[PDB]
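Read the structure below first, then the notes.
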Amino acid sequence: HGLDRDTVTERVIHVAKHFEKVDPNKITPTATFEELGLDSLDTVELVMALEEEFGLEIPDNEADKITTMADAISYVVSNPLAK
Amino acid sequence: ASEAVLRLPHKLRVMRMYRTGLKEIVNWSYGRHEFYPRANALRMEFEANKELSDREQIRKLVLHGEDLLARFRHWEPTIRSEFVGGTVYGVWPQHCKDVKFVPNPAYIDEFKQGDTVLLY
Amino acid sequence: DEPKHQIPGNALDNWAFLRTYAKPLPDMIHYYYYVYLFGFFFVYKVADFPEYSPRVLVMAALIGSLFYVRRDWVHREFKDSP
Amino acid sequence: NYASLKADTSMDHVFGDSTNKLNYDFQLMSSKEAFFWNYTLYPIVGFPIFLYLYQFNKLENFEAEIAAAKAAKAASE
Amino acid sequence: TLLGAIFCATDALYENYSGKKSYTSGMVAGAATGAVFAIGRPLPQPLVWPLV
Amino acid sequence: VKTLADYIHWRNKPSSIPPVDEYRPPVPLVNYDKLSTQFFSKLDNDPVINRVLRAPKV
Amino acid sequence: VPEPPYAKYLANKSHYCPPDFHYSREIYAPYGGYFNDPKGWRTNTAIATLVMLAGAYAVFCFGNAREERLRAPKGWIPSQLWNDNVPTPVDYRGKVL
Amino acid sequence: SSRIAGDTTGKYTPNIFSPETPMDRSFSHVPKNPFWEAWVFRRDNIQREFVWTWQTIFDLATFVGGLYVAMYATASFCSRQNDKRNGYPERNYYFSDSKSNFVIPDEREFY
Amino acid sequence: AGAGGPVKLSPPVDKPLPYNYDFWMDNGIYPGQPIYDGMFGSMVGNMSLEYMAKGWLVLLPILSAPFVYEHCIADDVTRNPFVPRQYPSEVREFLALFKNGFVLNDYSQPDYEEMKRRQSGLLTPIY
Amino acid sequence: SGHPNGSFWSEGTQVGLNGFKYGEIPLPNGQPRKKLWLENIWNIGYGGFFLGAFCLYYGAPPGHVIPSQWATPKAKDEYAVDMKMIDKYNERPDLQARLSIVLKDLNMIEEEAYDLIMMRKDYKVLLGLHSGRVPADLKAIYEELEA
Amino acid sequence: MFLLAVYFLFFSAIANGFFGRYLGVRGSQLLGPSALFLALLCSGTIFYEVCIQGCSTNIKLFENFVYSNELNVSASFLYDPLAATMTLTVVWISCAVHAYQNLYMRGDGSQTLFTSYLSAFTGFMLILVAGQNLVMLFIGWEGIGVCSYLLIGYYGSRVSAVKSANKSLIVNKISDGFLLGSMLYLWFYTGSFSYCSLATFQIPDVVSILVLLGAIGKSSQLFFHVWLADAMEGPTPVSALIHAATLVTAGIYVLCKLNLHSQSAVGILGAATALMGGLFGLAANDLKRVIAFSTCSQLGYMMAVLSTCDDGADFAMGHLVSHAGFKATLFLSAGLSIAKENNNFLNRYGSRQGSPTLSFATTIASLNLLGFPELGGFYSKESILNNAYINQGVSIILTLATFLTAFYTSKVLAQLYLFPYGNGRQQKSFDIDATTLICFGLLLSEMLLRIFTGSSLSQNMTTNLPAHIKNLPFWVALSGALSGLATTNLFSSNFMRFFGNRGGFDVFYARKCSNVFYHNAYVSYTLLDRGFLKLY
Ligand SMILES: CCCCCCCCCCCCCCCCCC(=O)OC[C@H](COP(=O)([O-])OCC(O)COP(=O)([O-])OC[C@@H](COC(=O)CCCCCCCCCCCCCCCCC)OC(=O)CCCCCCCCCCCCCCCCC)OC(=O)CCCCCCCCCCCCCCCCC
Ligand SMILES: CCCCCCCCCCCCCCCCCC(=O)O[C@@H](COC(=O)CCCCCCCCCCCCCCC)COP(=O)(O)OCC[N+](C)(C)C
Ligand SMILES: CCCCCCCCCCCCCCCCCCCC(=O)O[C@H](COC(=O)CCCCCCCCCCCCCC)COP(=O)(O)OCCN
Ligand SMILES: CCCCCCCCCCCCCCCCCCCC(=O)O[C@H](COC(=O)CCCCCCCCCCCCCC)COP(=O)(O)OCCN
Ligand SMILES: CCCCCCCCCCCCCCCCCCCC(=O)O[C@H](COC(=O)CCCCCCCCCCCCCC)COP(=O)(O)OCCN
Ligand SMILES: CCCCCCCCCCCC(=O)SCCNC(=O)CCNC(=O)[C@H](O)C(C)(C)COP(=O)(O)O
């Protein structure tokens, strides 16, 4: 089922909050992980946590291309198996 | 390490090691409860060596971690069912449109259907 | 387009090899005349040959077949040279 | 006419790209290894043959030894 | 003449040594003659000429 | 000595040579694929593995 | 794509068919379609049941004709109600019943 | 762009001049691939790539001739055992050199 | 949803095919497989045949240790603290006929030797 | 989900043709499809073959189609005779000794004694007795057991 | 009356598979279960007449099925005490599975064809069990083989499923080739194919080895167990039938029907299979695979018990019929769990609100598997373990196998119920209708009746053993259960990896046997007939 952008945005924002370093207002629908304060190893954990949230398996090469809040939402919206 | 992992840049190579290690923690666990402490332990294992700048030592750590991740590949990867390597992948694949169906086949030139021997 | 057999060799080199068969052709009567004469005399002499074992006869036939040179082979390879 | 040689990239992001290829050379077992494994497995297949050979040899040897002892006993006596 | 000499000599020598008239004398004489035929010849021919 | 053996087309050499470039089928990627040929290794009891897997309290 | 004229003769998607699942409706299979549920299924099931029971009656006659009991049962068996070739029961001690 | 060629009523005519492509038997033909066709051609004409090598001779002999030799030996052993079992004299088989003429048992005789 | 799930289609062949491409089984869905898994390509668990052979070399002596003692080291008199089941003569004679019987090991019996030779019977039919 | 009307015993939701059998399109007005040229000839010929095969397999007298059917009564009579003779052989030990001598000359083992009683009327024994291969005592032994 | 059950099953198969267009999905959902219910009544009558009241019957359908010279075989059915028991168990389990498939397979396209396959599958099992001669048994044997081929590969668009079906077919082909050899031996030297004249007190070893090699195929023993694990590709109703009664038990039934086995081979092979199956089930992480390895272990127990004593055949059959019940329950509950969680991996299962019936059925079946006292499985397993004490080597291996069985059974129970929820936060649901409840009620009734009626006549007969010897299996099972609940590590990572690869039996076949097979094919074709013998 094609899941709409608004819900995907809410759930990705919900996942991004759990990092302690990230401050709850810095996360916006269009923000890169660097401005949020996330490191590379942190981005791994965020991509994985997105995998549990939407019940999908991110193939690794696409996982590298996810570096921003925006493109993660775009990838989740693109996926037809995203829940 | 595979060729595709080797061709990757350093930053992405360490990222791959962390991702594969986390997935193998998931595979070797008995439940979600085991996952969190082991995930924190892997976190600390990577954080310990992040500030090293000596290239040769870093190469040693990356190679050893790659050997460790190669040996502890699980016989049974935990994969979601709808994805490649999953149980329900391809059970009843959705059939596409634009199918070439020949209506009333036996009534197209019914008397003269058959094989002919053509000669010079 | 269809799958086709690969032809070994270059086109011009193969054509050059084939062009070595285009040489002055003798008429076959010259060979035939000698074969007829020596064959007649040979048939006369054969009745006087000793009786040979069948095994030796077959081996002689095999050796003759192996040693026989086709007339085209001499045609392609003949050189008017020492 | 011919089928298109262009692949479909719609599902690459979901299920991964097709860039990674097989490492197999698509070649068979070496002749030396094949000789060993044929001449090992085929005897295992023919296990009744060797059982019959063993028992027949045993029977014939016992019969011949009986015959020899019989000849010895029937010579003196 | 050399090929025929090998053939006949090997045939007679084998029959004398064996003492019996058999197929094997002809096969061995032919094998020797075909071996002499293919001394320096390429790979199929060491097998085919002894056989023929 | 000219003989039939000289002009018989003996199969010493391949008439057809296969194309060099060959299709390798696509396969799902395994990141780390080195083979384990040693049943007993130091890697099983490596200090990292002990810290990552065996040590953490569950 | 505008559905072909014969699509009117073809039947619809059944209630059990998932809405997302697409199948070609023109394909004929003796075991049925992808989700079936034909109109008139109840009468067809009744006819199938009648044929099943009639064949059961014929098989029952055949088996009873060919059911051979050569050793007496230890006790009373249900077959005595319908088949008369059952030997009279004898118990473990040996007494006839 | 397509039309139904077949007519069950029997009023079938082939519209060779029709603008629309008939749905004839060629409608369902498989599209085919260039490289698959060349693979089929290569595989059928594999005699072109046949080369006499010592490895090839080794393989052919060891498997084909080896299996023939093994089967012949096993059959000869079975024939010998059956001759001992039946009580027949040793039979004159073709390549066995036996000084006995026994080939076919006499039905009338008791062995 | 069991039916209607998305699938990836395997790319069409675009390069000359190997002669032994029949070793690859592809139905059109992306993850094609060898004809027999483990014949070539990725190995499950990254374990080679050498590793499995070494593991079996470790296991077999321990697994075979219980069996070797009774079958080889032990003898009928010392295998068990009792004799086989004692039967009336008419029953015992019939039961001793069975080559796969359990009364053939009765060393108390005066027909022990013949019973043991019966137990170690013919490998193949003589006729 | 569930059942269409919530009741399992409700009318089917699918109206029309589940598929096109043989690929043929139903005629609009219900006009029957024109039959193929070979249908009548094919049905008549192959049905005739199968019906004739049935009739000949079952109608024909015994021994006409299945030869073993002819032998069944003869085998019953032979079975009765053999039963009587083997019963007599077991009772009389003098006959057992004589048949023991007969068996040895025929290169037969003693356990084949029942076999010889069962091959009284066969090519091998009948002609060997005439030729001299079989001892003439076997004739008397057969007669002493009522042939 | 005796014929009726096979008629009902084959009628269900023909009706659903050839006229399913008219019947429909609902039409299958009635005609299947109703016909098997009627067959269950007929099988109950058969069981009462033959087993309890000792009245065997022979039904000859027709004579001269094959009549070539002396070779003569007839289509006849003999319902002897073994056959009635296996028939009752098979029909009970198959009726349960047919009730199960009404809701489970509703989301599958060809539910009618699936029902038809299931019913013909049961019918061929009953043909195998009730045959009076070897040829009828071979007919049923090949029928169940082909039905397994058509059921494991039901999902044709999955390469793994079709390859699993091919694996099953090839392995079973080798096994029945050995059986056909043994059949020919027995006809030649006994004069008949019927089991009555089949009896030989002394048989040459070749016939015994051929019988054993044929039996170890369907009853998956060592070197022939590769297909059972891969048989998980098929739908869950298929797995329950094949592992519970139809396929695995057939070899044991053949070995019990004809006592031509040798004590030395059967005991060693069975004990090895039990230990290896338990060890393999230790590593497995799919719910369905662990239960298959447990099936392998139980088959090992049953094969081992034949060597112990004269009553070993009775004990093996009793464990067979007891095992069918709780194993079928375990597969059906596992399949329902997979549907409810949309998952096959044990890690992500967890505690969640569900039906009391399904959880209780899972608990009781697992308790029977473990050996919990005063249960049907407990008696049938202690009858084997206690009577195996005389064979010291067999007894030790079976006791370690009991420990391993307890460990992985308790681990599976803790992971399915006691463990916290491990799956994701998504809407997943499988609501169970009354038909599935009737299915599990039938299984639970079978389990309960097994306790009161027993499995073998000598089940409670005394084995004159010291108390500490007799009650030892309980202590080993309890220790295994306690270690499994704690989820402790038992083996090093190397041996855990070795067991996860199932001993590498398949990798050896891949690397040596298959490569030699296709090199023989290469020599035969490319080098020779399309090579040396092909013109330019
Ligand atoms: C100064 C004058 C010059 C001449 C000098 C001699 C003068 C004559 C004197 C006396 C003549 C009478 C006796 C001579 C032989 C009779 C032939 C004849 O006269 O015909 C007229 C002939 C011309 O006639 P034509 O019609 O114009 O030519 C027709 C051809 O197409 C011609 O066209 P082509 O040449 O282009 O094509 C040749 C073709 C023509 O075909 C033939 O030559 C047919 C010959 C077959 C055998 C003939 C019958 C043998 C029976 C002999 C009987 C005695 C022994 C009894 C027991 C033997 C049992 C078999 O054969 C070939 O392609 C080449 C192969 C040659 C033999 C083929 C058989 C091979 C078998 C070996 C197998 C081993 C290979 C295994 C590996 C393979 C790998 C896959 O004149 C001659 O050729 C005479 C030349 C004398 C040289 C012969 C050398 C040996 C002679 C005795 C050996 C017998 C074997 C025969 C060898 C080939 C002979 C042709
Ligand atoms: C013993 C006396 C009684 C005999 C009754 C036998 C039971 C039924 C026999 C019916 C005829 C048997 C042969 C039927 C045709 C064989 C083909 C077949 O069975 O199935 C066909 C198609 O099935 C049919 O249309 C007809 C089947 C009707 C009933 C079949 C019952 C099972 C067959 C019995 C096995 C034959 C025994 C032969 C060996 C003894 C193909 O199935 P799949 O390859 O699995 O693909 C189907 C699609 N899908 C991927 C979604 C699964
Ligand atoms: C047309 C026949 C030509 C043979 C074709 C075979 C294949 C050709 C390959 C060339 C190899 C050379 C020929 C050898 C063939 C002979 C068979 C070997 C058997 C053998 O060694 O026994 C000898 C007798 O067999 C014999 O020597 C006589 C056997 C006759 C040969 C077989 C005849 C039927 C073959 C037909 C096959 C199909 C035809 C297609 C070609 C020895 O006997 P011994 O008496 O010397 O005892 C020994 C006391 N010292
Ligand atoms: C140029 C082409 C040829 C070159 C390459 C050839 C290399 C192959 C040579 C080995 C072939 C296998 C071995 C068979 C021949 C053995 C030597 C022959 C002599 C012989 O007959 O001895 C018998 C061998 O046992 C036997 O009876 C046979 C046992 C082996 C057969 C079973 C092994 C494979 C099973 C596979 C199935 C094949 C057979 C199927 C029926 C036993 O001696 P004896 O007591 O019989 O007395 C007979 C008096 N010499
Ligand atoms: C409980 C009852 C028994 C259960 C089964 C037990 C089986 C035990 C057999 C294994 C133990 C002995 C193994 C032989 C010693 C070899 C030790 C080193 C192995 C080695 O170096 O080469 C290996 C050869 O494969 C091999 O070693 C294959 C030899 C196996 C003999 C056939 C026995 C059947 C085995 C079936 C299950 C065993 C799976 C593991 C073997 C790998 O070869 P490579 O691929 O690296 O070669 C390169 C390709 N050019
Ligand atoms: C199931 C068993 C699991 C197996 C686990 C085995 C895994 C082995 C783990 C130990 C191996 C290592 O430490 S591999 C550690 C390799 N060491 C280095 O790379 C030093 C240089 N570090 C950097 O360049 C960056 O800090 C970087 C870290 C890339 C991030 O970039 P960010 O600054 O932007 O976050």
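Naming works like this for the structure tokens: A, B, ... for the chains as they're shown, residue 1 at the start of each chain, ligands 1 onward in shown order.
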DSSP on the backbone, then: every residue of chain A marked helix (DSSP H, G or I), written as JSON, numbers by chain.
-> {"A": [5, 6, 7, 8, 9, 10, 11, 12, 13, 14, 15, 16, 33, 34, 35, 36, 40, 41, 42, 43, 44, 45, 46, 47, 48, 49, 50, 51, 52, 53, 54, 60, 61, 62, 63, 64, 65, 69, 70, 71, 72, 73, 74, 75, 76, 77, 78]}
Taking C-alpha atoms for each residue, export the selection above as an mmCIF file, in the first residue's frame.
```cif
data_model
loop_
_atom_site.group_PDB
_atom_site.id
_atom_site.type_symbol
_atom_site.label_atom_id
_atom_site.label_comp_id
_atom_site.auth_asym_id
_atom_site.auth_seq_id
_atom_site.Cartn_x
_atom_site.Cartn_y
_atom_site.Cartn_z
ATOM 1 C CA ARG A 5 3.930 11.410 2.960
ATOM 2 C CA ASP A 6 2.304 12.982 6.027
ATOM 3 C CA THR A 7 2.181 9.732 8.017
ATOM 4 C CA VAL A 8 5.689 8.709 6.922
ATOM 5 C CA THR A 9 6.968 12.111 8.030
ATOM 6 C CA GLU A 10 5.342 11.713 11.451
ATOM 7 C CA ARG A 11 6.854 8.280 11.996
ATOM 8 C CA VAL A 12 10.364 9.218 10.795
ATOM 9 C CA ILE A 13 10.283 12.283 13.067
ATOM 10 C CA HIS A 14 9.132 9.997 15.891
ATOM 11 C CA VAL A 15 12.079 7.646 15.340
ATOM 12 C CA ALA A 16 14.599 10.495 15.062
ATOM 13 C CA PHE A 33 21.512 14.255 9.718
ATOM 14 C CA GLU A 34 24.629 16.402 10.222
ATOM 15 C CA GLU A 35 22.644 19.458 11.356
ATOM 16 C CA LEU A 36 20.721 17.181 13.724
ATOM 17 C CA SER A 40 27.917 8.096 10.672
ATOM 18 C CA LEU A 41 27.589 5.256 13.166
ATOM 19 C CA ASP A 42 24.435 6.976 14.440
ATOM 20 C CA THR A 43 23.032 7.108 10.891
ATOM 21 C CA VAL A 44 23.408 3.317 10.778
ATOM 22 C CA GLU A 45 21.234 3.004 13.874
ATOM 23 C CA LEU A 46 18.666 5.454 12.505
ATOM 24 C CA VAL A 47 18.418 3.574 9.181
ATOM 25 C CA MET A 48 17.961 0.302 11.062
ATOM 26 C CA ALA A 49 15.338 1.863 13.361
ATOM 27 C CA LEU A 50 13.533 3.060 10.243
ATOM 28 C CA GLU A 51 13.625 -0.582 9.154
ATOM 29 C CA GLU A 52 11.717 -1.690 12.254
ATOM 30 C CA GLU A 53 9.313 1.274 12.083
ATOM 31 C CA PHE A 54 8.064 0.592 8.548
ATOM 32 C CA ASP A 60 22.534 -1.640 1.763
ATOM 33 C CA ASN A 61 23.497 0.525 -1.232
ATOM 34 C CA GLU A 62 20.295 2.547 -0.816
ATOM 35 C CA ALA A 63 21.039 2.650 2.923
ATOM 36 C CA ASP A 64 24.212 4.584 2.124
ATOM 37 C CA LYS A 65 22.247 7.110 0.055
ATOM 38 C CA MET A 69 15.517 13.385 6.904
ATOM 39 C CA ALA A 70 14.056 14.278 3.496
ATOM 40 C CA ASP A 71 15.410 11.429 1.363
ATOM 41 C CA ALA A 72 14.573 8.842 4.026
ATOM 42 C CA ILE A 73 10.936 9.953 3.821
ATOM 43 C CA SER A 74 11.179 9.830 0.019
ATOM 44 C CA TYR A 75 12.550 6.279 0.117
ATOM 45 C CA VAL A 76 9.833 5.121 2.523
ATOM 46 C CA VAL A 77 7.150 6.715 0.327
ATOM 47 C CA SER A 78 8.617 5.052 -2.773
#
```
Using only C-alpha atoms, I'd like a table of the residues in chain G that come within 7 Å of chain K; for each, show the closest atom pair and its distance in Å rounded to one decimal, ordered by chain and ascending number, as a tab-separated table.
```
residue	atom	partner	partner_atom	distance
G:30	CA	K:18	CA	5.3
G:31	CA	K:20	CA	4.6
G:32	CA	K:21	CA	4.0
G:33	CA	K:21	CA	6.9
G:34	CA	K:109	CA	4.4
G:35	CA	K:109	CA	5.6
G:36	CA	K:24	CA	5.2
G:37	CA	K:24	CA	4.8
G:38	CA	K:24	CA	6.0
G:41	CA	K:23	CA	5.4
G:44	CA	K:23	CA	5.7
G:45	CA	K:23	CA	5.7
G:56	CA	K:4	CA	6.5
G:59	CA	K:4	CA	6.6
G:60	CA	K:1	CA	5.6
G:63	CA	K:3	CA	6.2
G:64	CA	K:1	CA	6.9
G:66	CA	K:59	CA	5.6
G:67	CA	K:59	CA	5.1
G:68	CA	K:58	CA	5.6
G:69	CA	K:57	CA	5.2
G:71	CA	K:55	CA	6.8
G:72	CA	K:55	CA	6.8
G:73	CA	K:55	CA	4.7
G:74	CA	K:53	CA	5.2
G:75	CA	K:53	CA	5.5
G:77	CA	K:49	CA	5.6
```
Enumerate as JSON, numbers by chain the residues within 7 Å of ligand 4, counting only C-alpha atoms and all ligand atoms.
-> {"D": [42, 43, 45, 46, 49, 50, 53, 57], "H": [61, 62, 65, 66, 67, 69, 70, 71, 73, 74, 75, 76, 77]}
Limited to N, CA and C atoms, could you put the picked residues into a file as an mmCIF file, in the first residue's frame?
```
data_model
loop_
_atom_site.group_PDB
_atom_site.id
_atom_site.type_symbol
_atom_site.label_atom_id
_atom_site.label_comp_id
_atom_site.auth_asym_id
_atom_site.auth_seq_id
_atom_site.Cartn_x
_atom_site.Cartn_y
_atom_site.Cartn_z
ATOM 1 N N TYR D 42 30.973 -45.238 -7.748
ATOM 2 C CA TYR D 42 30.386 -46.348 -8.498
ATOM 3 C C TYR D 42 30.546 -47.691 -7.795
ATOM 4 N N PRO D 43 31.698 -48.036 -7.209
ATOM 5 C CA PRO D 43 31.741 -49.256 -6.387
ATOM 6 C C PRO D 43 30.747 -49.255 -5.237
ATOM 7 N N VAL D 45 27.856 -47.839 -5.231
ATOM 8 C CA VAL D 45 26.591 -48.182 -5.873
ATOM 9 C C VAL D 45 26.483 -49.686 -6.079
ATOM 10 N N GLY D 46 27.552 -50.310 -6.566
ATOM 11 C CA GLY D 46 27.530 -51.733 -6.839
ATOM 12 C C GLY D 46 27.930 -52.577 -5.650
ATOM 13 N N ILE D 49 27.310 -56.437 -5.958
ATOM 14 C CA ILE D 49 28.257 -57.151 -6.811
ATOM 15 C C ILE D 49 29.403 -57.709 -5.981
ATOM 16 N N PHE D 50 29.955 -56.888 -5.088
ATOM 17 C CA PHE D 50 31.092 -57.324 -4.289
ATOM 18 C C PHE D 50 30.681 -58.356 -3.249
ATOM 19 N N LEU D 53 30.486 -61.548 -5.197
ATOM 20 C CA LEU D 53 31.838 -61.997 -5.516
ATOM 21 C C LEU D 53 32.515 -62.621 -4.302
ATOM 22 N N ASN D 57 33.531 -66.587 -4.115
ATOM 23 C CA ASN D 57 34.921 -66.981 -3.912
ATOM 24 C C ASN D 57 35.068 -67.844 -2.665
ATOM 25 N N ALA H 61 38.104 -42.760 -21.920
ATOM 26 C CA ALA H 61 38.460 -44.125 -21.559
ATOM 27 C C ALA H 61 37.960 -44.468 -20.164
ATOM 28 N N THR H 62 38.341 -43.667 -19.162
ATOM 29 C CA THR H 62 38.089 -44.027 -17.771
ATOM 30 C C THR H 62 36.604 -44.164 -17.482
ATOM 31 N N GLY H 65 34.802 -46.551 -21.389
ATOM 32 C CA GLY H 65 35.399 -47.867 -21.513
ATOM 33 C C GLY H 65 35.486 -48.566 -20.174
ATOM 34 N N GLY H 66 35.723 -47.797 -19.110
ATOM 35 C CA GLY H 66 35.721 -48.376 -17.777
ATOM 36 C C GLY H 66 34.385 -48.993 -17.411
ATOM 37 N N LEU H 67 33.285 -48.300 -17.720
ATOM 38 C CA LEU H 67 31.974 -48.856 -17.414
ATOM 39 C C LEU H 67 31.694 -50.090 -18.263
ATOM 40 N N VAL H 69 33.988 -52.215 -19.388
ATOM 41 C CA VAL H 69 34.817 -53.292 -18.854
ATOM 42 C C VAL H 69 34.207 -53.844 -17.571
ATOM 43 N N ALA H 70 33.750 -52.952 -16.687
ATOM 44 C CA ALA H 70 33.136 -53.392 -15.438
ATOM 45 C C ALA H 70 31.868 -54.198 -15.695
ATOM 46 N N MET H 71 31.017 -53.733 -16.613
ATOM 47 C CA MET H 71 29.790 -54.466 -16.903
ATOM 48 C C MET H 71 30.090 -55.827 -17.515
ATOM 49 N N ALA H 73 32.802 -57.675 -17.082
ATOM 50 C CA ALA H 73 33.328 -58.546 -16.034
ATOM 51 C C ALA H 73 32.214 -59.044 -15.120
ATOM 52 N N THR H 74 31.298 -58.152 -14.734
ATOM 53 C CA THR H 74 30.199 -58.557 -13.863
ATOM 54 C C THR H 74 29.298 -59.578 -14.551
ATOM 55 N N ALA H 75 28.994 -59.357 -15.833
ATOM 56 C CA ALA H 75 28.157 -60.299 -16.571
ATOM 57 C C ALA H 75 28.833 -61.658 -16.698
ATOM 58 N N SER H 76 30.145 -61.672 -16.947
ATOM 59 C CA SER H 76 30.864 -62.940 -17.023
ATOM 60 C C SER H 76 30.830 -63.676 -15.689
ATOM 61 N N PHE H 77 31.010 -62.946 -14.583
ATOM 62 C CA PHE H 77 30.938 -63.574 -13.267
ATOM 63 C C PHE H 77 29.552 -64.154 -13.010
#
```
Which residue out of H:101, H:45, H:33, H:96 has the minimum interatomic distance to ligand 3 when only C-alpha atoms and all ligand atoms are used?
-> H:96
Output the contact residues of chain G with respect to chain H at a cut-off of 12 Å, based on only C-alpha atoms, as a list in words.
->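 Within 12 Å of chain H on chain G, we get residues 1, 2, 4, 5 and 6 of chain G.
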